[PDB]
Amino acid sequence: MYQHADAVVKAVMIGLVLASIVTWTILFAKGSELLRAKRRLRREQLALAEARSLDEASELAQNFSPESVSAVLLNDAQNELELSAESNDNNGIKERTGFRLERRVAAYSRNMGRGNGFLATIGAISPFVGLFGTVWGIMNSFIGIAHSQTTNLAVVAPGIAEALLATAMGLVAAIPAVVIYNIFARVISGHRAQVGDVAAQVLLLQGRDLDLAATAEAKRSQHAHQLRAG
Amino acid sequence: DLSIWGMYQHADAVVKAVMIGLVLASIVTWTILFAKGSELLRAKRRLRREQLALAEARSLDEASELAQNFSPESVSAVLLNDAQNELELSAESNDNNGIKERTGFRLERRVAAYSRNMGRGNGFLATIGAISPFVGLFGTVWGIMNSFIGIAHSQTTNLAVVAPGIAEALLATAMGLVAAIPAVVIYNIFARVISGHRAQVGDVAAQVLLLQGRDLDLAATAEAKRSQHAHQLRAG
Amino acid sequence: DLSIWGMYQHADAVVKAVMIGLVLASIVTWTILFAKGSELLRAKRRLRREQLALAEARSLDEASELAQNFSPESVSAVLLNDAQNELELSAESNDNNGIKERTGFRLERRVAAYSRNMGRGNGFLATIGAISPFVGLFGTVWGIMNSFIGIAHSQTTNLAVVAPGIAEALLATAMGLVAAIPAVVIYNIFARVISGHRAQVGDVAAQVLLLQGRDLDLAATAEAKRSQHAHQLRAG
Amino acid sequence: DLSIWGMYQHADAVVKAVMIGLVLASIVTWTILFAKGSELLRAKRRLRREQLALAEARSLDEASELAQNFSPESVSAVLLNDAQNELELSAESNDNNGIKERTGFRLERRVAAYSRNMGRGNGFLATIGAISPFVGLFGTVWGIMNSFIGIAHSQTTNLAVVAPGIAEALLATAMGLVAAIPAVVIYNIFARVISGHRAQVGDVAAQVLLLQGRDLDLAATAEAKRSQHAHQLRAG
Amino acid sequence: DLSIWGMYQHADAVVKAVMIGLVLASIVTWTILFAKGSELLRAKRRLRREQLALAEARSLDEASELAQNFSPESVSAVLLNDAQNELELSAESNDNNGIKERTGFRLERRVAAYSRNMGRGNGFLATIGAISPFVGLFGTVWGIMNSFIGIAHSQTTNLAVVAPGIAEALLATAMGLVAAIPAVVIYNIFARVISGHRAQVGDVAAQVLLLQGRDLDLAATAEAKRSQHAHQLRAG
Amino acid sequence: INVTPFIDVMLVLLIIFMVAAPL
Amino acid sequence: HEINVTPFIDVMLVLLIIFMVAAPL
């Protein structure tokens, strides 16, 4: 008792209610943003599936909304080639390009999962704080029933009542927490697969155009000129 | 009266909600199990027959010819057409290793998409298997709160009045558990079968890519060797 | 009433059914224990014997001959035949690097396949050990709600009236946990054993690949330095 | 006793032991939280500043020039210093790919070590919050056994004396729990933040690696090709 | 007869059985902790001195000359003689890239086997810490079943006839828990220590592989350059 | 894995038994 | 990494039993 038994109870209660409303609003925001990004990447993938060289892909991406990792990576590979700048190490160029693309898509996927661990810990710790509330309430109830020794237990009712109320609040904060956490894991896995697909697509485009340009220019220039002038 | 089925008659404000939630969960997990199991069993039989048919390939053209008469939704022929259009786009490109890397990444993305398609409801299976006991406990503690407010607002030492509330609470609990256990066991068996199916598709992908590499490298070796070592050192 | 062996009637019919289910699950898990343990110890002895045989393996023909005299139903002979026939098929080719790449790919694919074929029942044991506490608590709550509805339909004030159903719940939990514990024990044990087996088969596969690289470099470097530089570089 | 804090210096030896253990665990988790949080904030600020300063890199020498002004307690500084001394050691050779891959591997190992020593207290708080409920549970069950043997000595069927003992037991439980929850939540926070920080270190490592590759390629390709072409095809 | 020195007297079959099991678990985990951790810290001092001596090793022959007088079980000696015998095997070969690849493969296999042998009991500690609460729960359910049998076959409202039974039951629970606690805490701390040791041996393996690659490049570069350049660029 | 749900059922069992203790 | 799921059930059960036995009726 000592008048400081329910203060922690109401504190953890409002903590759970604020955690739940934070989960709800982050669900709203992240769902809106991720569905918008999914539709955007779907449309742009459908548009870029008809690409042959990097020129057409770039001239089509410049018309899209620049808030897309696709065009970012496209111009990034273009800048990486421009930085290569007359270096005949096409293999190393492709390797550095792929490594940069992988690092960028990994960073983007990491930025995507904001509240993942948040909801994880929330749903993990809400039952534990519920148990803490229950044990403290039943302890105060035992102290009261010891101060007034009797078989009638009509006084334990409010204590266990608020204890199981805090427990139920923990459950109604954890269940949505965990289900939304799993839904978010699934949708970010889908988005990661999609951005990996588009990264493989742009890398395949880069490699294909580079090999196309290098094939004839190598089998016609270095071959004949030097193998007759050597 | 208060049997395991006799709940929609004696439901309450939270009792009816948890009851309809758990019966919906049980129905959806049952239909998911049945549909996905039948579909995947038939698909796996078809894929086994197709792999048995293509297990004796010799070249790319021969493999495509023998697989032309396969099913339309044939992942094997899908990969063959993928490799073929990759070669078509790589026409006039004397970079074997680049084509190999491109084809490998393409088969990787294909099998990833196939795993995503097959592993599409397993996420929901895990979710329901995790939450069904928890929502059962939620309904249970709500019933406990209802019984407690009834006791506090009507203080009577009647031993019979305290029975039905706790009984319905534990019955909703048991409904949650009987929705949970099938969910997780089907999730596990589906994980096993999807592991087997992904191993099979990885095997056939390895087969087609190794056949591609073999024939391309043989042709390249022969032609490059003969031409280069017979022409361009006497032509200098 | 004499013991657990004599309390198979005062419970629910579904309680006895799920109890017999737990008993048969424990029996089949012990049977899988014995069978898989015998098979894994046989495979371990075979692996150690084959490794001791190939301890000085430095020639493909020598390795194949020293492995064929033992039990030919061994993964070692399978991998040896695989590498040999792959070299035979891709022979008269100059893709030595691609040779090693494709060979190692096929070897690791077959190793993953064989490892999957080894660790099969581990998943079943995992599912059993996971669901046994869940079905135990399910029988528990079912028995307790049956007891509560029986007390509700009746009117009992004594303290000994709740004994039979609660005791049935206790024995159900006991069966569930005595099925659960050995399940996870053998699961982790077999996990360790298949990890060691995978390590050993990877060691022998790396040995085959090392011998292949050795012999191919021996056949390539000498012939190139003695013939390739002298073939046409003199007539230039 | 009747006072929550009355029975702390008496009638509780093992209970006082576990209480001191859990309070020491809580305060050590708090001080590790404070120290590691300050350290990671400083580290991430310095890393962000250095990244925005080096984002305009063109070659390794300019990177070293812009980096010399960094604080001596800069992990990026020691990474680029390791890269520079590795390049110095590998100098006087032409194994471009070999040099870049060996520096890449050494950088991977160095950043792994830096992440494992920076994120050191993670497992500390993990095991602390894991064992805190364990020792609290040991304390409460020991108190329960003490109360039970006391009632066995003097057969008391009342509830008065039963209350304070179990009350102190649940006090030990609650103390262990309120020591565990902060431990596990700050452990999760530290895990996430060190994952982000090691990801940033991976980004700067990829930056310096691509810089090395680019500068090596640009310094080698044109110069080597034209000079050796001229030299050995006018002298060959 | 209530404490551990007297509970075994009136202990039942399963009581004394699970008690012996849990005390054997406690002593076996304590002995494993002592022996394995002592061996690991001694090997840690050994490898610390090793890498301290190798910090000034900037060649191959100097590394071998320093390793000539290492400890009777120096892992660095194992890796160095492995590299040496691998060079001996794949000698007379100018395709050193495949030599480096096979060296890396053999080294990763060797360090994997060494990490398996070093942490050869961590899985056992994990299993013990996982199943000890489960055998504790087995004790709980068996004791509660026995107490309910005693209170059911004796349909009396007495309390002193069952108090010692439930007391011994909760005593079994407490001893199972106090056997679980040291197992799990020792497993966690030992896992941290063995992860540090594995990181250190990974550092030394990266060091020896870096040294091997660097010395191979240094020995091949200038010689191959001058010899091939002169001969097959002036005689062409 | 999820052997936690014993808490609430056991505690409400405790409560109902302790309130039926008088009658 | 987790904390635990088992240990609380022990005290829940033992408190349940001590209460149901201390129940006078």
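Residues numbered from 1 in each chain as written, not as in the entry; some residues may be left out. Chains lettered and ligands numbered in written order. Heavy atoms only, no water. Residues with missing side-chain atoms left out of burial classes, pairs and counts.

In the PDB header, cryo-EM is given as the technique by which the entry was determined, and 4.0 Å as its resolution.

(A) Structural context of the overall build of chain B. Of regular secondary structure, chain B possesses six helices and zero strands. Secondary structure elements of chain B occur, N-terminal to C-terminal, as α-α-α-α-α-α. Expected size for 236 residues packed as a compact globule is a radius of gyration near 18 Å; at 30 Å, chain B overshoots this value by more than 25%. Each principal axis of the C-alpha distribution contributes one length, and for chain B these read about 115 × 35 × 20 Å. Across chain B, the fraction of contacts at a sequence separation of at least 24, relative to all contacts at a separation of at least 6, is 76%. (Helix = DSSP H or I, 4+ residues; strand = E, 2+ residues; numbered from the N terminus. Rg over C-alpha atoms; globule rule 2.2 N^0.38 Å. Contact = heavy atoms within 4.5 Å.)

(B) Up close: the arrangement of the chains. With 13 pairs of chains in contact, the largest contact count belongs to chains B and C. With no contact between them, chain A and chain C keep their nearest C-alpha atoms 9 Å apart. At the C-alpha level, the nearest point of chain D lies 11 Å from chain F, with no contact between them.

(C) Looking closely at a nonpolar patch on the surface. The grouping of A:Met13, A:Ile14, A:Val17, A:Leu18, A:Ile21, A:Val22, A:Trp24, A:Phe28, A:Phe118 and A:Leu165 at the surface amounts to a nonpolar patch, some 890 Å² of accessible area in total. Looking at where A:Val22 falls in the secondary structure, it is placed in helix α1 (residues 7–48). (Patch = residues over 30% accessible without salt bridge, like charges linked within 9 Å, V, L, I, M, F, W, Y side chains within 5 Å. Areas by Shrake-Rupley, 256 points an atom, 1.4 Å probe, with all protein chains shown as cover. Salt bridge = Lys/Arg side-chain N within 4 Å of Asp/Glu carboxyl O.)

(D) Focus on the packing of aromatic side chains. Going through the model one piece at a time under the given rule, you end up with nine aromatic pairs over all chains. Ring centres 5.7 Å apart and planes at 55° place the aromatic pair B:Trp5 and B:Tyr8 in the tilted group. (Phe/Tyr/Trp six-rings, centres within 6.5 Å; stacked < 30°, edge-to-face > 60°.)

(E) A look at the nonpolar core. By size, the foremost hydrophobic cluster in this structure holds 128 residues, and its most contacted members are E:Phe148, F:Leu13 and G:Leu16. Among the elements that line this core, the one with the most residues is helix α1 (residues 7–22) of chain G, at 13 residues. Among residues more than four places away in sequence, those in contact with G:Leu16 are F:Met10, F:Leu13, F:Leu14 and F:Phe17. (Core = buried A, V, L, I, M, F, W, Y, C linked by side-chain atoms within 4.5 Å. Buried < 20%, exposed > 50% of the residue type's maximum accessible area, 1.4 Å probe, protein only.)

(F) Here's a closer look at the side chain of C:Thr156. The residue C:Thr156 is located in the loop between α5 (121–153) and α6 (163–231) in this model. Taking the relative accessible area as the measure of exposure, C:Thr156 reaches 16% and is therefore buried. Setting aside residues up to four positions removed in sequence, C:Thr156 forms contacts with B:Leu159, C:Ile151 and C:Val161.

(G) Main features of the relation of the copies chain B and chain C. Between the two copies, chain B and chain C, the superposition gives an RMSD of 1.2 Å; the rotation angle is 72° and the shift along the axis is 0.5 Å. Seen this way, the second copy is the image of the first under a five-fold rotation axis. Of the C-alpha atoms belonging to chain B, the one lying closest to the rotation axis is found on B:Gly236, 5.4 Å away. An asymmetric contact is evident, with only 6% of the interface residues of chain B recurring at the interface of chain C. (Least-squares fit on C-alpha atoms.)

(H) Geometry of the interface of chain B and chain C. Each side of the interface is counted separately: chain B has 35 residues, and chain C has 38 residues. Buried area between chain B and chain C, both sides added, is near 3,000 Å², and the carbon and sulfur share of it is 68%. The largest contributions to the chain B side of the interface with chain C come from B:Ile181, B:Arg214 and B:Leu233, which together make up 18% of the buried area. Counting across the chain B and chain C interface gives one salt bridge. The salt bridge partner of C:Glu86 is B:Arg214, with a shortest N-O separation of 2.8 Å. (Buried area = accessible area lost by both parts, 1.4 Å probe.)

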